[PDB]
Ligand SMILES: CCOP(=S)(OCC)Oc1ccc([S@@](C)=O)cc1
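One chain comes next, on its own, written as structure tokens: the form deposited without the named molecule.
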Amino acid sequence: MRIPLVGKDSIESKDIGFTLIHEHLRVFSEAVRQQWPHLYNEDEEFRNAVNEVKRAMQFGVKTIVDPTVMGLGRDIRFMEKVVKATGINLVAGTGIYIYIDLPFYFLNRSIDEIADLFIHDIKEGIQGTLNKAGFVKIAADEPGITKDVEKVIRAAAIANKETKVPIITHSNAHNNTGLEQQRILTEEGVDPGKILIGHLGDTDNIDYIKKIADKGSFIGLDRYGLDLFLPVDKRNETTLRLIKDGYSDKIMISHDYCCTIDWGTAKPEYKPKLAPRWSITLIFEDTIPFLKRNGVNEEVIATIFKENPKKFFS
């Protein structure tokens, strides 16, 4: 029913349980991995993914939603391997991760045939495997809403309307890209409560975060641990005021953690200073205790982690 799972039968939605809405098992650039496999260690990548997932499960995580898509090196056979090693509910997705331009394949190509690529993964299966896509992922950043970025957004809208699956975004918090995504999707007949505007926790600006929640979409305070974007205690006080002002029905939090990340901007040796305590369980060690002893009940955390994902996927 409703939500498709990797290496397991489809489950209902209400059966989602405690959910981490935004985590990565591994991300890489497709071109460079395909051309130079000597840069990578698949055993190290598998060992880290398994170890990180199992510890999340120990804290009571039932389901992880992994928005790794084209441009981030989505591998469904890798996803199966860790599912079997772990017993996690894994929700894979479809979509395109870009900041500026599409690959040359998409030259002179219609929004429609891009949407057909998403609708394919949702209905037929990812990479010819039978594991179906449960959501669609789109990105936007500092370069803003470009021609090719918009085409991916409008393609996501069509896939949403025709398969009823929700859409998760990557955005820049300081840009207005998050708001623009919401606007363009809604205009094309997308129910606001089916959109998660991501990386909104990268900013102090509660007013900007609020209006996106007011327009009716889930807000992504989803990069806990990544201190370079915003430190943990800055994020803690932002989520706290949002909960106090009654936005907990729109709040979704995660880590955006990568057990293995490809980019030279984020190699393991830069971890201290940039993101010293960044893991897939950081919110259990810091955020959740902090909120509990600051006057938030566990009905609120059940909203954010259980009820909100449930409404998102139905």
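One rule holds for the numbers: they count along the sequence shown, beginning at 1.
Here the subject shifts to the form deposited with the named molecule bound, a form of this protein not shown in this document.
- The single contact residue among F78, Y208, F229, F106, judged by any heavy atom lying within 4.5 Å of the named molecule in the deposited complex, is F229.
- Looking at 243 to 251, 43 to 51, 30 to 38, 262 to 270, the stretch with residues near the named molecule in the deposited complex, meaning non-hydrogen atoms within 4.5 angstroms, turns out to be 262 to 270.
- By the criterion of a heavy atom within 4.5 Å, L72 is counted among the residues contacting the named molecule in the deposited complex.
- In the deposited complex, the named molecule sits beyond 4.5 Å of every heavy atom of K132.
- Of the heavy atoms in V61, none are within 4.5 Å of the named molecule in the deposited complex.
- Contact check for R223: a heavy atom falls within 4.5 Å of the named molecule in the deposited complex.
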